[PDB]
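*Asks:* Encoded as structure tokens, here's the structure I'll be asking about.
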């Protein structure tokens, strides 16, 4: 049992000293969630730029496709791009018709 | 791409690629995600600053520029001065940056070079300044009749 | 809005600007309304038939009054040689960008062609040209859908 | 780098990077720690997050191992942020009430306008608050949402505790009639955590003695020096004994 105590401590020392430890993924998640939110504001900007091009090639200003709430902050903004890609596919379907 | 951004628009103080995309303590992970955000900030800044240019042609006749020239700087006729600056090898006509002489380089001595200052062409006074302050060359084409 | 006078701006005082209302052109009555209610500008090209001295070109700005839904810079255009020119160096319909004036309605608006450095008593480059100008000709390409 | 003060809040922009390097799972907890640490002003130099960014933006060169003139005050600010990270994980308090404890300390029993404490008497109440929330179970969200507003009532909290509604009503009545320090007012009877903790001690003493809370009130009315004004009769002892 004293060996198993020392063997448990060696696994615990391994999980703390390895490179892909928890402190790596706290750093990766915290940095990427900062990038992903800033990249969200850039892509919604061009989804609105494409809507302004849609509103100018056709005479309509009341027709809007990019709607708020693609970013859900309570779910870390996951599926924000899947929501916008659907919204881009609704402009292009409306453009073709 | 930032140097191309700094040249298509007149700005040199505007920088988007900033140090520290590589974190060596984290093996440089998320370096490309940091740069891809930085490329998306140039392109967003490019789209908001892009304009339809007022594309202007202007024809410049160097005989007219060398004739119409202030008398303290020695105006001359281009067709007459070249005919005697080619006959002797030591001539030099005009002064300032609007002169016409031979080259001062080593391989350039037997080459006649005609020089024109842009500020003496007065191109900026062709259109009023309410149109645009940035006025930049797109293309120069030469005609030698 | 169909007048012809000098500019009221600061830098615009020595510039002759000719103005045309679109509603007085009556372009919408050319085709019957059963074809299409949406009638919008695709391209305006200018022709200035005038006694231009060769290698001495005209200088003019075709502008539109509203700047409402247009992109950045699509409200204006420059005239250099005045022989069926757009503002552009090469004209590209397959370009991904909007042309200048593209999307303006046929019915409404006010189109203005301004000639900088116009006046004779306050000395301007464009004085002797505009004395020889007989008419201003606009090639309006538009879209019925 | 390249932060505009006018476009966004400093502490909210800085919260993802603090959580990335204090090993926090949440950016909202990291924002709480930065709000807390601005109230403490920790270190020798009284460090605020605004002072912290003024030092980085001017005097810090990343990767250089040199001595900056006020570097040791920055280290004490970062040592503090790691301390309050440890406070969050050890007390087991949840994410939204830790906002409420930073921003509204009076709702947890602190004095008015006072910076919160990581005192040991304040760590023990955060643990007793977190044990109180975990005992509520699945109805804990409905209580804390009514606790963050001032809408928490005795009938609502008794439903989550599986107690009788009249038990917390009578425990609240006997708490308001007796001299507690700090007092239990009908305004804060279920708004402050100290008043809620006081009322629940009337419940736990009554459950221990298997009496009603007014039976406990009859018992503390038999205090000797408190009743040197009005001496209890033998009948009052005889009723309280029964």
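Residue numbers (PDB author numbering), protein chains in the order written: chain L, 2227 to 2323; chain W, 2276 to 2420; chain A, 2372 to 2516; chain B, 679 to 920. The C-beta atom is built at its ideal place from N, Cα and C for all residues, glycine as well.
From 2389(W), 2408(W), 2289(W) and 2329(W), pick the residue whose C-alpha is nearest to that of residue 2417(W); which is it?
*Replies:* Ranking 2389(W), 2408(W), 2289(W) and 2329(W) by Cα distance to residue 2417(W) puts 2389(W) first.
*Asks:* What whole-angstrom Cβ distance do residue 2349(W) and residue 2369(W) have, given they're in contact under 8 Å?
*Replies:* 6 Å
*Asks:* Which residues does DSSP list as the beta-bridge partners of residue 2377(W)?
*Replies:* Residue pairing by DSSP places residue 2377(W) opposite 2387(W) in a beta bridge.
*Asks:* Tell me where the alpha helix (DSSP H) around residue 779(B) begins and ends.
*Replies:* Unbroken alpha helix (DSSP H) run through residue 779(B): 773-781.
*Asks:* How many Å lie between residue 2411(A) and residue 2269(L) at the Cα?
*Replies:* 30 Å
*Asks:* What does residue 2416(W) touch in chain A if you count any residue whose Cβ is under 9 Å from its own?
*Replies:* Result: empty, since nearest Cβ-Cβ is about 11 Å, beyond 9 Å.
*Asks:* Would you kindly report the start and end of the unbroken alpha helix (DSSP H) that includes residue 2340(W)?
*Replies:* 2337-2342
*Asks:* CA-CA distance, residue 2386(A) and residue 2376(A)?
*Replies:* 9 Å
*Asks:* Check whether chain L comes within 8 Å of residue 2440(A), counting only Cβ atoms and requiring the distance to be less than that.
*Replies:* yes
*Asks:* Between the region 2422-2434 of chain A and chain E, which residues of the former have a C-beta closer than 8 Å to a C-beta of the latter?
*Replies:* Structure shown: chain E not included; protein chains present are L, W, A and B.
*Asks:* Given this structure, state the Cα-to-Cα distance separating residue 843(B) from residue 705(B), to the nearest angstrom.
*Replies:* Spanning the two alpha carbons is a distance of roughly 38 Å.
*Asks:* Would the region 2317-2332 of chain W count as touching the region 2432-2452 of chain A if we require 3 or more Cβ pairs under 8 Å?
*Replies:* yes
*Asks:* If you run the structure through DSSP and keep just helix, strand and coil, what is residue 811(B)?
*Replies:* helix
*Asks:* Quick test of the definition: if touching needs 3 or more C-beta pairs under 8 Å, does the region 709-725 of chain B touch the region 743-754 of chain B?
*Replies:* At 8 Å Cβ cutoff, the stretches touch.
*Asks:* Select from the region 695-725 of chain B all residues with a C-beta closer than 9 Å to any C-beta belonging to chain L, and list them in chain order.
*Replies:* 695, 696, 697, 698, 699, 700, 701, 702, 703, 705 and 708
*Asks:* First and last residue of the beta strand (DSSP E) that includes residue 2410(A)?
*Replies:* DSSP places residue 2410(A) inside the beta strand (DSSP E), whose first and last residues are 2410-2418.
*Asks:* Going by alpha carbons, who is nearest to residue 814(B) out of 841(B), 766(B) and 881(B)?
*Replies:* 841(B)
*Asks:* With respect to the beta strand (DSSP E) encompassing residue 2447(A), which residues constitute its N-terminal and C-terminal limits?
*Replies:* 2447-2450
*Asks:* Among 696(B), 888(B) and 679(B), which one has its Cα closest to the Cα of residue 623(B)?
*Replies:* Nothing about residue 623(B) can be read from this structure; chain B reaches only from 679 to 920.
*Asks:* Apart from the five residues just before and just after residue 2280(W), which ones in its own chain have a Cβ nearer than 7 Å to its Cβ?
*Replies:* 2317 and 2321
*Asks:* What are the residues that DSSP puts in a beta bridge with residue 2483(A)?
*Replies:* 2390(A) and 2434(A)
*Asks:* Quick one: Cα of residue 2505(A) to Cα of residue 2284(L), how far?
*Replies:* Between residue 2505(A) and residue 2284(L), the C-alpha separation is close to 38 Å.
*Asks:* Residue 2390(W) CB to nearest chain A CB: under 8 Å?
*Replies:* By this cut-off, residue 2390(W) is not an interface position.
*Asks:* Out of 2507(A), 2508(A), 2489(A) and 2502(A), point me to the one whose CA is closest to residue 2403(W)'s CA.
*Replies:* 2489(A)
*Asks:* For residue 2510(A), which residues does DSSP report across the bridge?
*Replies:* 2416(A)
*Asks:* Is DSSP giving residue 2367(W) helix, strand or coil here?
*Replies:* The answer is strand: DSSP assigns residue 2367(W) an E or B state.
*Asks:* Report all residues from its chain with a CB closer than 7 Å to the CB of residue 2262(L); omit the five preceding and five following residues, and keep chain order.
*Replies:* Contacts found: 2303.
*Asks:* Does the region 780-798 of chain B come into contact with the region 858-873 of chain B, if we say contact requires no fewer than three beta-carbon pairs (one atom in each stretch) closer than 8 Å?
*Replies:* yes
*Asks:* Is the region 807-825 of chain B in contact with the region 749-767 of chain B, if contact means three or more CB pairs nearer than 8 Å?
*Replies:* no
*Asks:* Can you list, in chain order, the residues of its chain with a C-beta nearer than 6 Å to that of residue 2493(A)? Leave out the 5 residues immediately preceding and following it.
*Replies:* 2385
*Asks:* Under a CB-based cut-off of 8 Å, is residue 2475(A) close to chain L?
*Replies:* no
*Asks:* Using 8 Å as the threshold, is the region 2448-2458 of chain A in touch with the region 2413-2432 of chain A, meaning 3 or more CB pairs across them?
*Replies:* yes
*Asks:* Give a yes or no on whether the C-beta atoms belonging to residue 805(B) and residue 769(B) are separated by under 8 Å.
*Replies:* yes
*Asks:* Just confirm the distance between the C-beta atoms of residue 2256(L) and residue 697(B), as a whole number of angstroms; I'd bet it's less than 8 Å.
*Replies:* That pair is a contact at about 5 Å.
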